[PDB]
Amino acid sequence: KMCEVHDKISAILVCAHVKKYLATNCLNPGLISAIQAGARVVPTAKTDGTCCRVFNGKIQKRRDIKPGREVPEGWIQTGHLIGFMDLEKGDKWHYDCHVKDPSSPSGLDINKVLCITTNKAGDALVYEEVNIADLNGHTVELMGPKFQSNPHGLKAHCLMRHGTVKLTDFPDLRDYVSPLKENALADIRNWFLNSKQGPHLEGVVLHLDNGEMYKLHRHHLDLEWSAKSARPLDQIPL
Amino acid sequence: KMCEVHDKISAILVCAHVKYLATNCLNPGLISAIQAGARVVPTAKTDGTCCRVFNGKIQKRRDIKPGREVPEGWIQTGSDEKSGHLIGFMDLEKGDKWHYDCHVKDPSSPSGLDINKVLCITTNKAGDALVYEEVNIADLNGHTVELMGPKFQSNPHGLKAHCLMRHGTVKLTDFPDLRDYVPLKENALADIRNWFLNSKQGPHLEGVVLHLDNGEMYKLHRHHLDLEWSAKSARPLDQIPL
Amino acid sequence: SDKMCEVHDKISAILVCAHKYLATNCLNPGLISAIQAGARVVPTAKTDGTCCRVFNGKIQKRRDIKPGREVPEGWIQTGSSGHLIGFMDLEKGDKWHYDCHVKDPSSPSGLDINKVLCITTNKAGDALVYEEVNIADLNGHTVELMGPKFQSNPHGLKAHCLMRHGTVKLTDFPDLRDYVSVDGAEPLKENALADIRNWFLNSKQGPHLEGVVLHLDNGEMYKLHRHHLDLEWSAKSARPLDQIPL
Ligand SMILES: Nc1ncnc2c1ncn2[C@@H]1O[C@H](COP(=O)(O)O)[C@@H](O)[C@H]1O
Ligand SMILES: Nc1ncnc2c1ncn2[C@@H]1O[C@H](COP(=O)(O)O)[C@@H](O)[C@H]1O
Ligand SMILES: Nc1ncnc2c1ncn2[C@@H]1O[C@H](COP(=O)(O)O)[C@@H](O)[C@H]1O
Ligand SMILES: [Mg+2]
Ligand SMILES: [Mg+2]
Ligand SMILES: [Mg+2]
Ligand code: NA
Ligand code: NA
Ligand code: NA
Ligand code: NA
């Protein structure tokens with residue numbers, strides 16, 4: 001039901017990039033046209049790690065090649081060229097999300113990866129060792145101690161399917177389109193400051209029926225992102 | 001109804017040099033104030049930089065050694081005795097990037113700041129938690145605030161942005177009523193220390209500041225009680241129980 | 001005095017570990033033997049600090065003497081790699097060992113040498129509490145000295161304090177008797193390595209602990225650090241210890 005991160009994602013709100021961000025109350029034109037076309041908008045939680053995917057039972061790391069640079073052997077474009085490639089020898093921390101097997105020529109169980117996902121109820125996250133094939137064809141977020149200084153306080157390197165966590169009581173952006181409410185920036189900012197989930201998140205990525213996505217980082221909202229300003233993700237209420 | 005931080009604040013308990021450690025003796029001024037018929041409201045000490053909203057602008061505190069130069073617009077408000085410094089306040093200087101950064105950003109402003117809007121952390125409607133709220137700076141005019149956030153003291157409170165907090169906002173609960181030591185109870189240093197270690201609010205706070213009807217205040221930092229004050233040893237202020 | 005064991009030797013791993021010292025799904029032979037003999041197994045939280053003990057009425061730090069160096073004056077051997085295990089009296093430079101004492105600005109040492117700050121279970125076994133205690137109440141017992149200046153305070157403790165080894169009893173920790181042949185019959189449960197790792201990841205207490213130490217009825221002890229389970233230990237991956245639910 002959720003989309004796949006294969007190209008860059010526009011911002012929910014028009015934001016000027018000062019080389020800081022100068023956010024505005026103006027929604028993305030594409031998002032307005034989609035909401036008026038009748039697409040359902042599912043707000044999901046944006047995590048802070050390194051973009052990956054499972055492709056034919058293997059983990060593939062995202063790599064954006066800039067103009068004129070050597071395309072890595074194995075790169076497969078998807079959407080400043082965006083694409084994915086297989087892991088290299090030096091990708092110690094990418095392979096560390098696999099479950100271990102010291103009696104193997106690789107030391108790894110190549111068919112099992114640790115993941116953080118929703119438990120049987122829809123109330124809390126849980127670490128689970130899943131078959132890597134369960135994530136085939138899906139984009140994931142690799143997170144842990146050695147990625148971004150572990151701003152979520154995760155206890156091990158794990159993958160999280162994008163769109164897993166669905167945000168509760170997030171501002172219904174359809175109320176700012178043709179408009180009942182008009183302060184989309186402040187309302188969203190207030191949701192990240194005073195909601196029960198906001199403090200656990202780096203931002204919000206919207207998943208629509210078109211396969212489109214629209215994101216907002218804490219930096220657009222003039223907010224701080226860090227392990228200090230972040231509550232552990234494993235303690236997030238769902 | 002809360003006091004304004006204009007002069008250096010005295011300690012609740014007579015401290016002893018070794019580092020200043022609190023002992024089991026209350027401040028003579030606090031004894032005299034409690035006997036003279038004064039109310040004592042324990043508030044929550046937070047860790048940041050002292051400021052105040054004078055007129056409609058934020059003012060940062062600056063202390064001056066009497067044998068120095070007074071900056072333009074500096075306004076004295078008190079004077080220390082131990083160090084002999086001059087207490088006061090200033091209008092923010094160009095370089096106070098993170099002081100100005102507590103204002104609400106404004107795409108329709110020549111500087112990108114709604115100079116009449118600040119982000120502050122205050123008590124919610126019910127009074128059982130703290131919320132971030134964008135407010136008109138005029139509502140804080142005349143009051144002293146503690147500016148906190150990422151770039152101040154290394155954000156020991158785990159705040160999500162630079163915000164202001166009116167001094168005295170967080171009224172403590174179950175904090176020792178320091179009239180029982182002026183005597184029904186004897187160990188004020190043990191009970192006060194036990195409160196920061198084992199209360200539900202202590203773990204979130206840098207210390208305590210008593211606000212009295214006389215305008216007097218008396219403070220106790222964790223360092224007076226021989227405790228650690230750091231983000232590791234502090235639970236986020238925004239999830240403090242009230 | 002108290003029913004918990006005294007850390008005077010090295011502690012073996014609950015599970016047979018491989019080689020980075022990672023645990024496998026096989027219990028220690030000594031543990032299986034001890035279990036089958038009918039020993040009571042008490043799972044207790046392992047906390048990251050430094051090993052000490054209250055001897056006479058003084059804090060003593062543990063020091064392992066390598067087989068190629070001299071024994072310090074006042075060093076007591078208590079156990080046996082190739083190094084001895086023993087305890088010393090605190091040296092004048094151990095500023096942060098003495099810092100778990102209650103301060104006293106009127107004493108020669110600046111400390112109340114008869115009172116130490118310790119973290120223990122409160123009246124009702126539902127939470128941990130900091131508690132000023134007469135040091136003589138710990139005489140003979142090994143404690144875990146923890147605080148800001150020990151391992152960078154992965155527990156987020158508001159002060160250097162002592163904790164009697166075995167104070168925190170674990171709830172819902174796998175009962176390792178179901179993983180051992182009972183009257184020769186098949187064990188009721190086969191995957192200890194899996195069940196344990198999921199305890200540290202998804203239990204209510206696991207995320208607050210460095211590991212687990214089983215305190216058996218016969219004085220033996222067995223351990224598992226988060227690393228044995230391929231898990232991270234650090235302040236960011238650890239919830240404050242004083243918030244651990246009991
Ligand atoms: N729920 C989610 N939906 C989409 N992208 C996500 C999600 N959670 C984390 N992300 C990541 O956030 C990135 C977008 O932000 P950025 O890479 O900083 O421009 C994507 O490439 C993803 O790897
Ligand atoms: N609730 C409060 N009441 C009074 N002062 C406070 C409060 N919270 C923080 N402070 C600050 O605490 C400082 C006094 O303690 P110290 O920093 O040890 O001199 C003052 O500069 C105040 O700005
Ligand atoms: N409840 C406990 N029981 C036994 N040892 C403990 C406990 N908590 C912490 N420890 C420490 O764990 C250490 C085990 O060795 P190591 O895991 O190699 O550091 C001992 O030296 C103890 O000081
Ligand atoms: Mg980015
Ligand atoms: Mg100060
Ligand atoms: Mg060891
Ligand atoms: Na990221
Ligand atoms: Na001072
Ligand atoms: Na302060
Ligand atoms: Na200051």
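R0 = 56 Å: FRET efficiency of C:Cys26 with B:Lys171, Cβ-based, nearest 0.05? Computed FRET efficiency for C:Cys26 and B:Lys171 comes out at 0.45. Close amide H pairs (under 5 Å, H built 1.01 Å from N) link A:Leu87 with A:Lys61, residues at least 5 positions away or on another chain.
The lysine pair count for region B:50-203, using Cα distances under 15 Å and pairs eight or more places apart or on different chains, is 13.
Would you mind checking B:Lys232/C:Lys236; C:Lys46/C:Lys149; C:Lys95/C:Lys236 for any pair whose Cα atoms are more than 20 angstrom apart? Working shown, then result.
Details: B:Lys232/C:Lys236 9 Å; C:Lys46/C:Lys149 18 Å; C:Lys95/C:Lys236 26 Å.
Distance filter (> 20 Å) returns C:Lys95/C:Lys236.
Annotation for B:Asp139 and A:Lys1: the two label points, set 7 Å from Cα along the Cα-Cβ direction, are 3.9 nm apart. Shape of region C:48-166 from the C-alpha gyration tensor: prolate (a/c of 1.5 or more and a/b above b/c, with a ≥ b ≥ c the square roots of its eigenvalues). Listed by chain and number, the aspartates and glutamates whose alpha-carbon sits under 16 Å from that of C:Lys3, ignoring those within fewer than 8 places in the same chain, are C:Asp137, C:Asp217, C:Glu220. In terms of surrounding Cβ atoms within a 10 Å radius of their Cβ, B:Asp63, A:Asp48 rank from fewest to most as B:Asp63, A:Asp48.
Would you please classify the overall shape of region A:10-235 from the alpha carbon gyration tensor, given that a ≥ b ≥ c denote the square roots of the eigenvalues, rounded means a/c under 1.5, and beyond that prolate means a/b larger than b/c while oblate covers the rest? Prolate. Bridgeable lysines around A:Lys120 (alpha carbons under 21 Å apart, same-chain partners fewer than 8 residues away excluded): A:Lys1, A:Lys112, A:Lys155, A:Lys166, A:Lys196, C:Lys204. The calculated FRET efficiency for the pair B:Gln239 and B:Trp98, based on their C-beta separation and a Förster distance of 30 Å, comes to about 0.80.
Taking 8 Å as the Cα distance limit and 6 or more residues as the minimum spacing, I'd like the relative contact order of region B:22-100 as a percentage.
Result for region B:22-100 is 23 percent.
Backbone geometry of region A:146-163 corresponds, through the Karplus equation with coefficients 6.51, -1.76 and 1.60 at θ = phi - 60°, to 3J(HN,Hα) couplings of 9, 10, 6, 6, 6, x, 9, x, 5, 8, 5, 5, 8, 9, 9, 3, 4, x Hz, x marking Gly and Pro. Within the protein assembly as shown, the percentage of alpha carbon pairs spaced more than 48 angstrom apart rounds to 28%. Taking label points 7 Å from Cα along the Cα-to-Cβ direction, B:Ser108 and A:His80 give a separation of 3.0 nm.
Per-residue 3J(HN,Hα) values for region B:83-93, derived from phi via the Karplus relation 6.51 cos²θ - 1.76 cosθ + 1.60 with θ = phi - 60°, read 8, x, 7, 9, 8, x, 8, 10, 6, 4, 9 Hz in sequence order (x marks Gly and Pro).
For the pair C:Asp89 and C:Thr121 in one chain, pulling the backbone fully straight at 0.36 nm per residue adds 8.8 nm over the alpha carbon distance. With both labels modelled 7 Å from their Cα along Cα-to-Cβ, the A:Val71 to B:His17 distance reads 7.4 nm.
Whole-Hz Karplus values for region A:227-233 come out as 4, 5, 7, 10, 7, x, 6 Hz, taken residue by residue from phi with 6.51 cos²θ - 1.76 cosθ + 1.60 and θ = phi - 60°; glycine and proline positions read x.
Neighbour counts run over all protein chains shown; Cβ positions are idealised from the backbone, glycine included. Throughout, read-outs are computed from the coordinates displayed, never taken from laboratory work.
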